[PDB]
Every structure is written in C-alpha cells, then in structure tokens.
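Asker: Supplied in structure tokens, the structure appears directly below.
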Amino acid sequence: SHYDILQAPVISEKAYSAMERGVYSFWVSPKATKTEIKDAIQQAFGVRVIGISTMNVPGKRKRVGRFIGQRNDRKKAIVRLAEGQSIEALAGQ
Amino acid sequence: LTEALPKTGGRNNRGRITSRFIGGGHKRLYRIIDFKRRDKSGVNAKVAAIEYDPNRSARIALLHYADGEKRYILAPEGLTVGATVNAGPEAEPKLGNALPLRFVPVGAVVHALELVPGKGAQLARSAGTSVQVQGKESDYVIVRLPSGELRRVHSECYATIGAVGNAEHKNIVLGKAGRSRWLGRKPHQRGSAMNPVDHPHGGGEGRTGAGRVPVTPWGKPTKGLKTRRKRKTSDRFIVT
RNA sequence: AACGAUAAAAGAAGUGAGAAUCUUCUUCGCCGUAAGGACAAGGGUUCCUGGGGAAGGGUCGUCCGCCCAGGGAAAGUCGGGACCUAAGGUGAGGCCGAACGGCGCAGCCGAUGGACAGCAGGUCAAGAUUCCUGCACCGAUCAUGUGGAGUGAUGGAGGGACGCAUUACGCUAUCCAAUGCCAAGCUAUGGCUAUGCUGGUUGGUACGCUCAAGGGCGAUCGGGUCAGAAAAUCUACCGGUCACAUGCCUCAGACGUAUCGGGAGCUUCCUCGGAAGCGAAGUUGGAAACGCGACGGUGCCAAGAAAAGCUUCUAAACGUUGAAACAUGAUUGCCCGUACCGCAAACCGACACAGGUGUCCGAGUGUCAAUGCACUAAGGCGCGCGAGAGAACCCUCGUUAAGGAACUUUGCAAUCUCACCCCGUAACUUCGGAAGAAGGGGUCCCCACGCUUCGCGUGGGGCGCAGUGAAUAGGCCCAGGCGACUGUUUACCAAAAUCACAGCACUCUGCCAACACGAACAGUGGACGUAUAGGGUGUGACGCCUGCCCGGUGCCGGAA
RNA sequence: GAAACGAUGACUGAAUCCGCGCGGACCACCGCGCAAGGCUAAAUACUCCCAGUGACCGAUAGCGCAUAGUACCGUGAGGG
RNA sequence: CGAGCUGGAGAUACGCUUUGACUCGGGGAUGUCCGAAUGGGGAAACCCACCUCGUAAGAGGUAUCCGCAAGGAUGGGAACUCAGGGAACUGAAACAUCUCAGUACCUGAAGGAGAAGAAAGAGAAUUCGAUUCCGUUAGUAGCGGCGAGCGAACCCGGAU
Ligand SMILES: [Mg+2]
Ligand SMILES: [Mg+2]
Ligand SMILES: [Mg+2]
Ligand SMILES: [Mg+2]
Ligand SMILES: [Mg+2]
Ligand SMILES: [Mg+2]
Ligand SMILES: [Mg+2]
C-alpha cells in the first residue's frame with residue numbers, strides 16, 4: 001500500500017537546499033515505478049506532483065574482517081510540486 | 001534494375017565445409033525465373049527488356065503477359081525487345097515460345113527442357129547450350145542434350161525455341177586471380193602441396209605423385225561414378 | 001643487480017612530529033592528427049567532500065587510483081525495451097534416430113541494419129538533449145467549436161529498397177586578413193607615442209512581398225479479366241487526350257526585423273579567494289569540408305539485405321440523429337542505461353608493466369598539397385628514487401689527416417643520394433613499359449616591368465662557406481639463377497626458389513547429378529545451380545613447342 | 001566344439017491330452033514337467049541423515065576444511 | 001518449563017517477562033523473485049501481456065503429456081537396484097582369438113530398497129517342490145591360442 005514504498009527521505013546538504021525550492025527527495029522501493037511512486041507521495045502528503053525523476057543506486061563496503069563485503073541497493077525519487085508547495089513540518093527540518 | 005529475393009551466401013551444410021572452396025564474391029540478389037511457364041498458356045507476352053542477372057551465366061528477359069503479370073524468362077540467342085511471345089500447345093515454334101515436344105518439329109533447336117511435366121526447366125539452361133530434337137517415339141521424344149548423350153524425354157514436357165543467350169563465355173578471360181575472387185574462393189589447392197595427413201598425394205621430398213586419387217579415397221581420371229538405377233531405361237548412348 | 005624510456009628542471013612561499021618528493025607562486029622544458037578532447041567495450045564507486053597515514057606506492061610522503069565515513073548519479077523527446085527484421089538460434093504440428101537426442105515450414109528470438117518527438121543557455125564540491133530558465137515538438141484520453149457524413153484489415157498494391165569509382169553548382173561548420181568596429185591601459189631598453197601593442201567581434205527562435213544555387217514531380221477518362229486468393233475507387237498492362245523550354249512543388253543557406261541568450265571585460269564584498277551585479281562591438285574582404293542542398297551528374301561490372309512504421313485499396317464490420325480529419329484548451333508521460341576511468345596508473349596483459357584496444361573531433365604559422373615535417377594555441381604533461389663524479393668497459397650519438405672496401409663469409413653496418421621546377425635520358429620489349437633510367441642545371445633577399453592567383457616570368461642589384469640555408473628527404477648502373485606478375489605462408493629462429501594465381505589439360509557427373517557432412521529411406525551442402533554447369537587431379541602468365549615404349553600396375557572396353 | 005537348452009534380427013510358421021516341452025548331437029525305452037497372461041510380502045544391497053562405540057587420529061595427523069569448497073587459479077569443465 | 005530473555009556478537013540504546021516471557025515438543029497461518037518452472041519472452045533471479053473478480057490498492061487464472069472427469073506425470077536425490085549402450089591401458093613377458101570386463105563411463109527407469117518369484121524347473125533318487133541371500137560342495141566338473149588363464153551346479157547345512 002501507500003505508507004510502504006517511500007522508505008526514508010534523502011538527508012544530504014543538496015536535498016535540504018532542494019527543499020528550499022519546493023523539491024522533495026526520497027529513498028523508495030527499487031521496484032516501485034514512477035506512477036506508483038507519484039501516487040504514494042500524492043496520497044500520504046496531500047499534495048500534487050507536477051514532475052518526478054528517479055534513479056537506482058548501488059552499495060559495497062567492509063571496514064575489516066575477511067568478509068569481502070557486499071552491496072546495499074537503493075532508488076532515489078525527486079519530486080516537484082505545483083505552486084502551493086511544502087510537505088508537513090518535515091520540510092523545515 | 002527490378003524486383004526479386006535475397007540470395008544469402010553459404011558454402012557449408014547444417015555443420016561443416018562440405019562443398020570444397022567457395023567463399024568470396026559480390027552481394028547478388030536472386031531473381032525468380034519462370035521455368036514451368038504452364039499457368040500462362042494462351043496469354044501473349046511482350047519482351048519489356050533483357051537484363052544482366054547474376055546467379056546464371058545466361059541472360060534474362062523481362063516479360064509482360066497482357067494480364068498484368070510481369071515475369072522473368074531465360075532470354076534466348078536472338079530475342080529482342082518488343083517481340084511478342086506465347087505459351088501452350090496452341091503456340092507456334094518461334095523464338096521464345098513454350099510448347100510441348102510433341103508439337104515441336106524434328107531437328108528444331110530448343111532449351112529450358114523439363115524432365116517431368118510440371119516441375120520446370122532442367123536441361124540446357126547455361127548460355128549457348130541447346131537441345132536438338134532427334135525424332136518422336138511413343139509418348140516420348142528422343143533428344144540430343146548439350147553433353148552429346150541421347151535421352152528419352154516424354155513428349156508432354158515443355159521446351160523453349162532457340163539456343164540460350166549470353167553468346168559465349170569466351171572473350172571472358174578472367175585475367176587476374178580475384179576475378180575468380182569476385183565470385184568463388186581460392187579454388188584448386190593441390191593435394192601434392194599437402195601433407196601425408198591432409199590428402200593421399202601429400203608428402204615426399206620435393207615435387208611428385210603416385211597412383212592418382214581425389215581428396216578422400218577413390219580415383220579420378222576414368223571411373224564410372226554413376227549408379228545402377230531406373231533412369232537408365234529412359235536413356236540411349238551415354239559416352240561424352 | 002635493479003628502482004620500468006635521456007620529455008628536464010630551478011628557486012621562493014606554505015604546511016607539518018618529520019618535506020628533493022604534498023600545496024601555492026614565478027620561471028624553465030616536453031606533446032600538440034596528441035602525450036588535447038568526446039564516446040563505445042570493459043571496469044565497478046575508482047567520482048566529489050572531510051579525515052587517515054599500518055600495508056599497497058620500486059625512494060619519501062603530510063600525498064594518492066590506497067584506508068575510513070558521508071554524499072553524488074535526475075530523461076515523453078538521447079541509447080535500449082513496451083516496434084521491425086539479417087546471419088544465426090528456436091520451432092505446435094511434421095520428418096528421422098539403441099537411449100540422451102538429430103532435423104524442420106509458418107511463427108517466434110536475435111542488431112552489428114530499419115524506424116521514430118528538443119533546441120539554446122544556466123549551474124552542485126561532485127549530473128545534465130536528464131535539473132532550473134526561455135521558447136518548442138510527439139503520441140494518447142477527454143472537454144469545446146468547425147465539419148456535416150463515413151471509417152477504411154490479419155488481406156492486395158505502392159513505398160521503405162540500399163553498389164563501387166569519379167565529379168558540376170551553391171552553401172555552412174570552420175579558418176585567415178585589415179588604418180572595420182568595440183574595450184582596457186600602458187608604454188620607457190635606441191626608437192615608436194599610434195596608422196603601436198593586447199583582447200573580443202554573434203548562438204536559439206519567431207515573423208518577414210528580400211537575395212537564392214540546387215533538388216523533386218506528369219494529369220485525367222477509359223478497355224480486357226486472362227494479373228495481384230476474392231473484392232478495390234488501389235496497383236500492373238494496352239489505348240485515347242494536353243506532356244519541347246517552360247510549368248508547377250520544396251528552400252541548403254544568406255539577408256532584414258524583433259526577441260531570448262551569450263559575450264571582451266568592468267564592478268561591489270570576501271572568513272584568501274570564490275560568490276553576486278553589470279555588460280561593449282557585431283564590419284569589409286578571402287578560404288573552406290568527408291557535413292548540408294540532395295534519392296544531383298557521369299561512368300563501370302564483380303550487378304549491390306529483410307521486415308515493420310508509412311501511403312493507397314477494397315473483405316468483414318459498426319454507421320449514416322451523434323463521422324473521418326482540422327483547430328483551441330486540459331490531462332497524461334512506464335522500465336532499464338546516465339558518476340568516474342575509457343590509446344589507459346581505473347580495460348586485456350600476475351605488476352601504478354616501453355605491448356594491445358573499435359569510432360569521432362583534432363586549431364595556427366611555414367612548407368605544391370596533406371591528418372607529412374618543424375615550431376606552436378587551447379589543453380595536457382616533466383614519465384613516484386635522488387645527488388655527485390667525469391676511470392676501464394658497454395649502449396645511443398657527433399666529427400674526423402692521409403688512404404678508400406685494402407674489412408669480410410658477404411660493403412654486414414654506416415655514409416653518400418634525398419623535395420619541387422626546367423633540361424635531358426640507353427639496351428631491350430608483351431609496345432604499356434623499362435624511367436625518378438643514366439646525367440645536368442635551378443632554388444635566398446630586394447627593386448622595376450609584364451602577367452591567371454597563394455603566385456609565377458623576364459631584367460638589374462644584394463649578402464653569406466653555404467639559399468628544399470633547420471625538419472621530413474631515392475644512391476645508381478652491368479650481367480646471371482629462380483619464380484611470369486599483385487598476392488600467401490611457418491603467432492614466438494625459415495617470407496623464399498613454398499603455397500595461390502590468370503591461363504592449359506586429363507577426367508567424372510543427364511539432375512533426388514557426380515561428390516561431401518550425417519544415428520538417418522532424416523535433413524543439408526553442391527545449387528533456388530543444370531554440361532558454354534558442377535566435382536576431382538595435375539600443370540602454372542605469354543611465346544615456340546610437348547617426342548619414343550601399352551610388357552608390369554591402374555582405368556575403360558570384350559566375353560568364346 | 002560331438003554343442004543340446006535358453007534368447008532373437010531376417011525368413012518360415014505346429015500339434016490340443018491314444019496331445020505338447022525337456023532330460024547335452026540323435027533314435028528307442030524309461031523318467032521329470034503343462035510355455036506362448038498378470039500380481040506378490042520376508043530374508044539381501046546401500047549410507048545423505050541420526051545414535052552408540054573404538055589397543056582410530058589429535059593440528060605437516062584426521063575429511064579438502066578444528067570449517068572453506070572459501071581465499072586464490074582457470075574462458076570453461078575444473079582445480080584449490 | 002519455571003525466571004529469565006533481548007541470535008553467533010562478545011556492542012550501546014530500547015525493552016519484554018509468574019495476566020508465564022525465553023527455550024524445548026507438536027500443529028497452523030504467512031512465504032517476494034528465480035529454478036521442472038509452467039502466460040509469452042529471456043543473457044536464472046528480469047522484461048512484456050491478456051482474462052476474470054475487484055473500491056484503487058490488491059486476489060486468482062492463462063505449459064505440455066495421459067485420460068469423460070476424478071486424479072496422475074515432468075524435476076531433484078550420496079550410494080545401493082534393474083535395464084539400453086558399452087571402452088582401453090593391462091595380462092598373454094611381442095600380438096590378433098583370449099584377458100582386463102560386461103569392469104570404467106554414458107543414458108533410461110525406480111524405490112526405501114530393488115531385483116527375482118510360484119516349475120513346459122532342478123537331476124537320476126520313479127528324490128525335490130516359487131525366489132533371493134549365506135556356508136559348503138570346489139579351484140571339483142568343465143572351459144581354454146587346451147596358452148595366459150577362466151571357472152559352475154546338484155546334494156547337504158543355515159537366514160527367511
Ligand atoms: Mg530456420
Ligand atoms: Mg644519476
Ligand atoms: Mg674527490
Ligand atoms: Mg642461359
Ligand atoms: Mg614470386
Ligand atoms: Mg602443535
Ligand atoms: Mg565443505
């Protein structure tokens with residue numbers, strides 16, 4: 001359903017300054033396509049998406065321990081809203 | 001320049017090299033030629049043009065049968081543009097007409113000869129080749145095939161009046177290796193220039209030869225390669 | 001022993017426990033058809049930021065492609081899929097086979113090909129035809145209005161549709177010049193005082209009666225059904241009627257106007273270097289594509305994919321009272337790829353390896369020309385040990401008295417020759433050749449005159465030892481053997497007199513061909529060929545020619 | 001082999017209970033059996049797994065591994 | 001079961017537990033995607049569809065081979081079992097029959113085992129009374145380039 005899909009928001013210095021222009025970034029399910037991703041944001045936040053762009057992201061670490069490591073694997077969706085922007089209070093952060 | 005099908009190159013069967021040599025040459029598209037000519041009986045056709053058509057050695061005439069159906073036909077030595085042509089039993093023994101051997105006079109020169117009614121042309125197709133009618137038997141006609149052999153072709157089989165076109169592959173002298181390549185890959189690789197392993201002639205110390213054989217076992221100058229088959233009855237006097 | 005190309009380095013300033021090696025400034029040198037820049041493959045986070053300093057780094061590191069943490073990768077229009085077919089693969093049914101399995105029509109899979117809508121700028125520390133700004137375009141669904149009826153397959157036809165060489169005209173990308181314009185200042189060593197010096201000198205879109213090469217086109221009524229399974233208003237064919245030049249249709253590109261952009265620099269602040277704001281000029285002349293106009297012209301033989309999209313037809317069907325199409329809104333816009341390296345220290349080579357790696361762009365001066373050669377822009381780099389010394393010997397080089405092959409297996413090696421223009425040129429020949437034969441002369445600078453220009457020709461003068469003043473840069477000839485010739489080969493000791501070759505011959509094969517692959521009465525290749533063809537053997541351009549022996553062996557033919 | 005009997009690819013192809021098959025060419029006699037239809041526990045074989053034990057090992061031994069089919073080599077099967 | 005627990009994980013935080021946690025038995029219900037793989041495609045784990053129900057979310061269905069259908073089959077197993085096919089090195093101090101050996105391997109089918117089984121039999125007693133297995137007969141009888149070498153069965157004793 002709605003409330004799943006968008007796992008976490010994108011932290012970073014670039015997402016916070018993208019916020020300041022009504023552009024929101026989220027880490028979503030890598031299988032959750034643009035239309036499904038559009039709907040999920042639209043409902044859960046009560047706002048219309050005028051544009052959506054997204055892209056899949058790889059992993060790969062280890063600090064020590066001969067455990068060669070392994071990936072993590074994401075998808076990052078970035079949306080723009082019509083003139084009356086903002087999302088909750090989780091935008092001013 | 002007119003419509004046809006694509007003849008994609010290939011020198012080996014469902015696996016490996018089976019017909020030795022064969023490989024280079026130009027692209028070449030296949031042009032569908034009318035060998036049967038039966039389904040156009042009674043309909044007259046005008047020789048639109050003669051054309052250079054590879055895959056053959058013999059010229060090709062572009063025919064238009066008054067019904068609208070345009071067809072390619074082996075152009076015979078003499079046929080010019082505008083000369084009308086017709087097929088069937090009700091058809092004159094004139095340059096380019098398709099008519100069974102019963103209606104075909106004796107000594108009269110033909111080409112595009114069938115072997116079984118229907119099927120299509122199978123004898124004297126190369127340029128300059130012609131079959132001359134010897135004399136009718138039962139429901140069979142005796143003929144002189146390009147090789148010199150006499151065959152019993154059943155009278156019911158179609159033919160085309162005249163000798164096949166492309167004058168003579170004579171002034172065509174190739175000249176340079178590579179004219180051969182414009183067509184088929186470095187042919188004749190001497191078995192004496194081979195190794196005992198590779199071919200029976202191969203080996204020894206310098207230039208040689210000792211028993212005369214082909215690639216595999218056999219022997220080549222004089223050895224009847226023919227089978228003891230049916231077609232031998234419908235045949236008279238082989239040699240040459 | 002070595003520390004991986006002999007493309008250098010020097011100093012100052014900084015940082016730090018520590019500095020030849022990290023940072024910054026100023027020089028120096030090297031590449032510049034590359035050693036610059038953009039992809040693809042491949043790699044997989046190597047990218048950016050902050051930190052680290054055990055190992056890795058041929059030395060040292062305070063640094064890194066290494067170690068840790070955080071971040072970065074944005075698409076209706078770009079490439080791929082939701083479209084298409086090639087080789088090939090597979091393949092219900094169907095053909096074969098001890099099993100396993102082998103084939104195989106249609107169909108399906110398969111790009112390296114076809115098809116198809118977005119251009120200009122801006123800018124994170126790190127993305128950009130993806131984000132932002134400006135203005136477009138494409139399909140679909142629906143709302144509105146005009147239209148007032150048709151729409152027009154799974155099928156037909158047209159179209160897609162395709163070579164190699166050479167080349168006429170216009171153009172642009174792009175490049176040069178100037179006492180064209182615009183901007184900034186200053187220069188002084190002896191001068192110049194600007195007619196000097198340096199830099200910049202227009203992209204997208206829209207409209208326009210403006211200039212415009214070049215490119216593309218027949219139209220209509222009929223007749224036969226015997227052609228496209230059938231039907232067709234479509235297409236093929238035959239015929240009638242106006243098809244010379246012209247005539248239509250399209251405008252590469254240039255010009256004008258407007259507008260958005262960019263633009264040399266100038267400016268304000270600065271936590272030491274960025275950020276923000278502003279913004280001049282747009283000339284005349286030359287050169288010029290492999291790009292564009294274009295599916296142009298001509299010539300040639302070896303005779304140059306398919307299929308969908310597309311356009312036109314009718315079958316079936318729903319329908320004419322609410323069509324198709326046009327127009328203006330609105331809505332819609334899926335999946336994967338996108339960082340970074342990418343002729344290399346990030347790919348293949350165990351190694352930060354002198355090797356290999358497909359495409360694209362690749363500036364200026366000089367030089368017939370050029371992607372050659374020298375120097376050089378932009379840009380990138382000095383090749384991850386260093387410093388002394390100036391022995392033997394070894395390597396890569398420069399010059400060399402007199403002599404000039406005496407060297408030696410052999411002029412092996414290394415010289416000599418070296419570009420362009422004029423003169424000149426032998427035997428021999430298959431009449432092409434041999435030929436760059438051989439040999440000689442010219443070559444710079446100025447001025448005058450003549451002319452087809454970058455130029456070149458005549459004349460006079462000048463300077464040096466020397467004028468393709470440096471770089472790129474044939475030594476030549478006589479006679480012989482072998483092989484006619486271009487070509488091919490022993491990856492890693494043999495390039496040849498080997499193999500191949502055009503040409504000649506013997507011979508086999510009448511087509512379900514001989515022959516060959518194979519479990520196989522499968523299938524296939526020969527061949528969608530058919531004896532002026534195909535198999536096999538030999539000889540090996542061309543000229544003159546090719547003798548004697550059929551006992552033995554083989555092959556063909558006889559049979560009492 | 002003096003080579004019967006089973007089995008069967010090719011070709012043939014009988015008797016019906018005073019019948020048929022066999023008893024190691026074959027014949028007699030004596031003797032043992034009812035083909036050309038099917039089904040069927042149990043004792044027997046093995047050890048991925050589990051338990052118990054051992055004049056079995058105890059880190060170059062014991063499995064390849066005190067756990068790894070990993071690192072690493074190879075295009076791959078595979079090797080380790 | 002009777003106070004601990006919060007997996008190796010040794011690490012902090014949050015917590016859960018006698019209104020019985022945790023762990024041990026035994027059943028359920030979830031169970032993405034690939035894999036016989038089964039809608040179609042496919043370079044496994046990805047791409048693209050249609051049908052039906054459905055409020056969108058979401059749920060179910062769409063392989064071929066047997067059979068009216070019910071219901072069965074595809075694939076997987078270390079070794080052991082039977083079957084189709086079936087080597088060579090080797091031994092014979094050379095080698096070709098012979099040997100190695102119907103072993104190794106491939107392939108098919110199947111199970112907890114399988115195979116085989118109810119006399120047109122064994123064999124000489126007018127004895128036995130389906131099969132398999134063990135002992136023994138017995139290196140006997142026999143086979144055999146009568147060489148290397150190969151090698152039964154009945155009787156009898158047992159498991160059943
Ligand atoms: Mg096929
Ligand atoms: Mg030194
Ligand atoms: Mg000293
Ligand atoms: Mg001589
Ligand atoms: Mg030669
Ligand atoms: Mg120890
Ligand atoms: Mg293991």
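If you're wondering about the labels, chains in the structure tokens are A, B, ... by order shown, residues count from 1 in each chain, ligands from 1 in order shown.
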Report as an MDAnalysis selection string all protein, DNA and RNA residues lying within 7 Å of residue 57 (chain A), evaluated on only C-alpha atoms (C1' of nucleotides), omitting residues in the same chain fewer than 4 positions from it.

Answerer: chainID A and resid 73:75

Asker: Could you list the protein, DNA and RNA residues that have any atom within 12 Å of ligand 6, counting only C-alpha atoms (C1' of nucleotides) and all ligand atoms, and write them as a list in words?

Answerer: residues 58, 59, 60 and 61 of chain D

Asker: Please, what distance in Å, to one decimal, runs between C1' of residue 74 (chain E) and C1' of residue 109 (chain E)?

Answerer: 13.7 Å

Asker: Report as a list in words all protein, DNA and RNA residues lying within 8 Å of region 96-110 of chain C, evaluated on only C-alpha atoms (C1' of nucleotides), omitting residues in the same chain fewer than 6 positions from it.

Answerer: residues 88, 89, 90, 519, 520, 522 and 523 of chain C; 41, 84, 85, 107 and 108 of chain E

Asker: Please find the residues contacting ligand 4 at a distance of at most 12 Å between atoms, with only C-alpha atoms (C1' of nucleotides) and all ligand atoms counted, and report them as a ChimeraX atom specification.

Answerer: /C:479-481

Asker: Write out the residues from the selection above, keeping N, CA and C atoms (P, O5', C5', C4', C3', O3' and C1' of nucleotides), as a PDB file, in the first residue's frame.

Answerer:
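Output file selection02.pdb is given in full below:
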ATOM      1  P     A C 479      72.960  -5.428 -69.311  1.00  0.00           P
ATOM      2  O5'   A C 479      73.319  -6.842 -68.639  1.00  0.00           O
ATOM      3  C5'   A C 479      74.370  -7.618 -69.192  1.00  0.00           C
ATOM      4  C4'   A C 479      74.825  -8.778 -68.326  1.00  0.00           C
ATOM      5  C3'   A C 479      73.841  -9.837 -67.860  1.00  0.00           C
ATOM      6  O3'   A C 479      73.391 -10.737 -68.845  1.00  0.00           O
ATOM      7  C1'   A C 479      75.241  -9.317 -66.087  1.00  0.00           C
ATOM      8  P     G C 480      71.916 -11.372 -68.703  1.00  0.00           P
ATOM      9  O5'   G C 480      71.983 -12.503 -67.565  1.00  0.00           O
ATOM     10  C5'   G C 480      72.772 -13.642 -67.843  1.00  0.00           C
ATOM     11  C4'   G C 480      73.158 -14.424 -66.608  1.00  0.00           C
ATOM     12  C3'   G C 480      72.040 -15.184 -65.919  1.00  0.00           C
ATOM     13  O3'   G C 480      71.625 -16.357 -66.607  1.00  0.00           O
ATOM     14  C1'   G C 480      73.256 -14.069 -64.315  1.00  0.00           C
ATOM     15  P     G C 481      70.059 -16.731 -66.651  1.00  0.00           P
ATOM     16  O5'   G C 481      69.868 -17.527 -65.272  1.00  0.00           O
ATOM     17  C5'   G C 481      70.716 -18.616 -64.900  1.00  0.00           C
ATOM     18  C4'   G C 481      70.404 -19.073 -63.490  1.00  0.00           C
ATOM     19  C3'   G C 481      68.933 -19.331 -63.173  1.00  0.00           C
ATOM     20  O3'   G C 481      68.454 -20.595 -63.637  1.00  0.00           O
ATOM     21  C1'   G C 481      69.927 -18.133 -61.405  1.00  0.00           C
TER      22        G C 481
END

Asker: Identify every residue of chain A that has at least one atom within 7 Å of any atom of chain C, counting only C-alpha atoms (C1' of nucleotides), and report the result as a PDB file with N, CA and C atoms, in the first residue's frame.

Answerer:
ATOM      1  N   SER A  12      21.491  14.475   3.308  1.00  0.00           N
ATOM      2  CA  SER A  12      22.395  15.317   2.490  1.00  0.00           C
ATOM      3  C   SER A  12      22.195  16.860   2.437  1.00  0.00           C
ATOM      4  N   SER A  53      11.392  12.522 -11.127  1.00  0.00           N
ATOM      5  CA  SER A  53      12.581  11.920 -11.704  1.00  0.00           C
ATOM      6  C   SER A  53      13.179  11.006 -10.649  1.00  0.00           C
ATOM      7  N   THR A  54      13.631   9.843 -11.097  1.00  0.00           N
ATOM      8  CA  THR A  54      14.170   8.839 -10.202  1.00  0.00           C
ATOM      9  C   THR A  54      15.279   8.035 -10.829  1.00  0.00           C
ATOM     10  N   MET A  55      16.132   7.418  -9.969  1.00  0.00           N
ATOM     11  CA  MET A  55      17.232   6.549 -10.369  1.00  0.00           C
ATOM     12  C   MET A  55      17.775   5.595  -9.330  1.00  0.00           C
TER      13      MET A  55
END
